[PDB]
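Chains as they are written, first to last, in the entry's author numbering: chain A, 2 to 308, 323 to 498, 521 to 1049; chain B, 449 to 582, 591 to 600. Every residue, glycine too, gets a C-beta built ideally from N, C-alpha and C. Presented below is the structure to which this report refers.
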Ligand SMILES: Cc1cc([C@@H](C)Nc2ccccc2C(=O)O)c2[n+](c1)C(=O)CC(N1CCCCC1)=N2
Ligand SMILES: Cc1nc(NC(=O)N2CCC[C@H]2C(N)=O)sc1-c1ccnc(C(C)(C)C(F)(F)F)c1
């Protein structure tokens, strides 16, 4: 299993500066050797062999070069240490001992498998130990995607790999919303092109004014034009000179590793469009293509070492499953009367027949030996059919009203990955009931046995039909399937039905309605999710007809195909259509934006090898920016034992084929381990020490050589385009919060660091689940994209936040930003820890005095409006001066979104949000430019129109957000366990109402939350 | 409703506390299973070290007896004795953890027993409270 902690030994966070290590020599002798905790294995083996001469049989030992060390790690792994450059404290040994052995196996191959096991957070040798054929099949067969993706990277060497390593970061649309166009000087943008003249870092600039839609070569050619004009070339020689040279240079962003390698218009590149929004002139670096191509290492992808049937439809039998017995259940016989197994045959969340329960048996004797007969004909079983069962306790001690409670649950696919109907006996280790689950069955929970075999084990037995039963091939289903009522009454209803949100109930009539008109549903493709829920999945005839309709279904937008990947649509053909829609329409930009949800929905796939995981692997292996966050999002949830094997097996394959980026990840993974371990100490053993003693301990520790090498020279996991050089240790500090956050500052090693940022500031926080803040900042970013397309310049600030593991992650620091409170702390105290309302505007008046004042108040009021609407729709309460920040430039933004969707108030049954926005007055003063009667201004009226306009815009896209939350159900986030948690968005967006009743509803809630 | 909500909010608080102890105890049990797994692999390595030592000492003890170098034979015996001291010290460490795992794994079953008797009772209290469903006094009676 994975490590319990990040400590350098089992139960010890910090090795002593000197530690005694048991060395077991090959001649049988044992030598205790005092070693530095930071000592390399090279040094330690050398010192051992010096000491070994003092021991008997020392003339039997070969030279120290002929031996390597082996030991036991905290993951219970018997690891051979070939890469002897590693320091002692970073081996993460179980006990401080090393055995001296002759090395066995391939050096480079074993060193790789340790780097992978390190990056995954799980020893690779475990996958070699799983007897499961589906796992071994996944590990082998997935390499097709790896090799195929690697060939596509070496197809157009070296440009193709330059594209892989430094993909263009471009918007999905070259079109500028016209309010962005007018920020340009008649569509032209001024850019400063820099070139470094060797050797003195001599920086020469050529400032250009050019159209916003100029492609990089056109920008380059214009730079060459500016340079060469002074050299009296002939007019034609200049033409020939521009055409030849323009193709051989590239542009790079000053201060970071983002390059303009592709034919996009300059404004389509995200760095340029942002420069238009913020009004900053882009600083770019011109670079010869050979200079970049030399920096690109060759990605070596090596193939690893491990590289009579009856049809389902001929079975004339009903489905029956035998519940044999359970090993044990933890119930007190005095309080629980009896127990039973409750079963159901499900397709997704919908049951295919009546649920069947076993007879009741005594608690102490959980054995049933009972054949359960189900209301489904075996040929009518859909492919994603699943048995959902649980052991339920019943106590009738409250009267004639019995108590039923779930004890432990487990779900199983009735067909394995080989399209075979399950047969014979099977043992299913059950899962504990989730905290708060009162349902007797858990079909949305993971399907499959609990890897923890120390749990209640329920024995099942499936039927046997004298032969292996296989699901029919697609040709048979289609062939079997092949064997003007549409008035406007029906046409208007079909459109109204498709527009209803995914969480609206679809009545049994409407289910019948869409199915009868399934063919006109083709003429309205977005209705496919609604129609799919209307099929009789317990009828192969209707499913077959549905399969044929899907085979020719028009491709739908990506944001609608994602819904067909959540827990509601388990059928492989439905998902297959969904993945094909993504291959066709999902830009690498949008993929990055929805990368979290696409990783989450992997938990609902029936099998390890599927079309979605292959599409995601290929995309990750051909775009390193996608592949980076594909890694961490998979990585950050390896702690979750419900998927750790699936994600572990996947992370193995990505790491084996991602090329040289694995090395950069190893730097990041190890850099984080030092931070986790250090924070563990600060949070645990030194929890009672003062700020000073901890700060001393902090400065003491990072100064240690192992810490210096680990935490310097790596890529920011928040954004790998930022290089983290040396630590600016004077600026590193532990923050006052009791979770002991770590404010870290690095040097920017880019030669143009002074033009972008010479300091990279990151907050490392151990002890808080950041998945909420990740999702909120993701949602905030999408709301801004919508508002911009509809012409609403609401400046949000979705700063970087990345959960990297169990309640541990990173936050991008926003420079020149201060909480409202930090701004308020200027002239003294008012009341019980409270402050003055006018101080905020008074401060902002000083920061942006003169002509910038109107632009700053405008930026504030625009930025304030977006967060007001965003926090309302998402139900993020408790917004006050501590979690609202304002930049010196005037942009307001919210922080710390730990809990949303009204889950703090769910325990009370009172659904009425009336907390007064504490900072209503303070912000009104700014919007009103300092008026005494703030609410009477015309500017305030403009502010209200933005919020009304922004609110309806999001209401117009309610299906997208509902789907995004729906795709997150398997994450185990506390505020997101059922669709009922997601239903709060239905209330805030007033989807049961009309646009007029909704806006009035909004205006009401704002007034209920008005003056604070 | 005041009587039933207070009864509800206590068992709610106790089920939450027990669930914290339950999951916390569960993570600890896994670690003990890990360390026992690591101890087994470590014990296996040391036992090999003893077996290999007897092979090499075999012909040298024979040589050092005949060569009258009794002082060298004590060297080999002293170190071999030092090995067995380490092995016994480590088997004891595994054994104490195995014993420790038994107490926590039994306590673990005891937490899940207490919750699984509180879990159905907690639902019923919601039913009785909800029967009472059909403003200062409403937020007051709900434990505020
Ligand atoms: C200037 C200002 C004014 C308001 C409120 C008081 N008024 C409005 C705001 C928009 C549109 C109409 C009105 C109106 O009352 O007609 C406000 N905010 C700033 C916020 O920043 C956050 C916030 N809430 C509300 C509750 C959920 C958190 C966010 N409300
Ligand atoms: C994006 C961001 N930017 C910041 N800026 C400074 O802290 N600044 C900005 C400049 C100086 C310094 C300050 N004195 O004030 S804080 C921050 C942030 C956003 C969201 N969550 C956090 C937490 C919850 C992890 C925190 F702070 F509690 F750890 C921090």
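Boundaries of the beta strand (DSSP E) in which residue i is found, first to last residue
| i | result |
| --- | --- |
| residue 922(A) | 921-924 |
| residue 205(A) | 203-212 |
| residue 1040(A) | First-last for residue 1040(A): 1032-1045, but that is the alpha helix (DSSP H), not the beta strand (DSSP E). |
| residue 408(A) | 400-410 |
| residue 71(A) | 69-73 |
| residue 845(A) | 845-849 |
| residue 128(A) | Not the beta strand (DSSP E): residue 128(A) falls in the alpha helix (DSSP H), residues 125-128. |
Within chain B, partners of residue i - CB distance below 8 Å
| i | result |
| --- | --- |
| residue 73(A) | 486, 489, 490, 493 |
| residue 100(A) | 493, 497 |
| residue 11(A) | 483, 486 |
| residue 25(A) | 493, 494, 497 |
CB contact below 9 Å: residue i versus chain B
| i | result |
| --- | --- |
| residue 420(A) | yes |
| residue 346(A) | yes |
| residue 448(A) | yes |
| residue 123(A) | no |
| residue 1008(A) | no |
| residue 341(A) | no |
| residue 1020(A) | no |
| residue 53(A) | no |
| residue 987(A) | no |
| residue 78(A) | yes |
| residue 1036(A) | no |
| residue 469(A) | yes |
Below-9 Å beta-carbon distance, residue i vs any chain A residue
| i | result |
| --- | --- |
| residue 594(B) | yes |
| residue 459(B) | no |
| residue 558(B) | yes |
| residue 508(B) | yes |
| residue 464(B) | yes |
Residue i: first and last residue of the uninterrupted alpha helix (DSSP H) it sits in
| i | result |
| --- | --- |
| residue 288(A) | Unbroken run through residue 288(A) is the beta strand (DSSP E), 284-289; no alpha helix (DSSP H). |
| residue 471(B) | 450-514 |
| residue 810(A) | 808-826 |
| residue 355(A) | Careful: residue 355(A) lies outside any alpha helix (DSSP H), inside the beta strand (DSSP E) at 353-362. |
| residue 390(A) | Looking at the DSSP string, residue 390(A) is not in any alpha helix (DSSP H); the run it does join, the beta strand (DSSP E), is 382-392. |
| residue 1021(A) | 1016-1025 |
| residue 533(B) | 518-579 |
| residue 160(A) | 160-166 |
| residue 276(A) | 271-279 |
Under 7 Å from the C-beta of residue i: neighbouring residues of chain B
| i | result |
| --- | --- |
| residue 266(A) | Per Cβ cutoff of 7 Å: no residues; residue 266(A) is ~52 Å from chain B at best. |
| residue 96(A) | 490 |
| residue 410(A) | 568 |
| residue 808(A) | Within chain B, no residue comes near residue 808(A); the closest Cβ sits about 17 Å away, beyond 7 Å. |
| residue 350(A) | 565 |
Interface partners of residue i on chain A, CB under 7 Å
| i | result |
| --- | --- |
| residue 479(B) | 5 |
| residue 501(B) | 29 |
| residue 545(B) | Chain A residues near residue 545(B): none, gap ~10 Å exceeds 7 Å. |
Under 8 Å by beta carbon: chain A residues contacting residue i
| i | result |
| --- | --- |
| residue 520(B) | 57 |
Checklist entry - Are there three or more Cβ pairs, one per stretch, closer than 8 Å when the segment 934-941 of chain A is compared with the segment 810-821 of chain A? => result The segment 934-941 of chain A vs the segment 810-821 of chain A: in contact.
Item to check | the segment 927-960 of chain A: positions lying closer than 8 Å to chain B by Cβ | outcome: Taking 8 Å as the Cβ-Cβ cut-off against chain B, the residues of the segment 927-960 of chain A that qualify are 944, 945, 946, 947.
Next on the checklist: Under 8 Å: do the segment 361-381 of chain A and the segment 603-610 of chain A share three or more Cβ pairs, one atom per stretch?
Outcome noted: Touching, yes, given that three or more Cβ pairs across the two stretches are closer than 8 Å.
Checklist entry - Going along the chain, which residues of the segment 441-466 of chain A sit with their C-beta nearer than 8 Å to a C-beta in chain B? => result So the list reads 447, 448, 450, 453, given in the order they occur along the chain.
Next on the checklist: Within 8 Å, do at least three Cβ pairs link the segment 269-280 of chain A to the segment 157-175 of chain A?
Outcome noted: In short, these stretches touch, since the Cβ pair count reaches three.
Next on the checklist: Tell me whether the segment 511-526 of chain B and the segment 1025-1034 of chain A touch, counting them as touching only if at least three CB pairs, one residue from each stretch, are closer than 8 Å.
Outcome noted: With the cut-off at 8 Å, the segment 511-526 of chain B and the segment 1025-1034 of chain A do not touch.
Item to check | Meets three-Cβ-pair contact criterion under 8 Å: the segment 388-404 of chain A and the segment 288-303 of chain A | outcome: Contact between the segment 388-404 of chain A and the segment 288-303 of chain A is absent: fewer than three C-beta pairs spanning the two stretches fall below 8 Å.
Checklist entry - Three or more C-beta pairs closer than 8 Å, one from the segment 16-23 of chain A and one from the segment 456-471 of chain B: is that the case here? => result No: the two stretches stay apart, fewer than three of their Cβ pairs being nearer than 8 Å.
Checklist entry - According to a CB-to-CB cut-off of less than 8 Å, which residues of the segment 512-538 of chain B neighbour chain A? => result So the close ones are 520, 523, 524, 527, 528, 530, 531, 534, 538.
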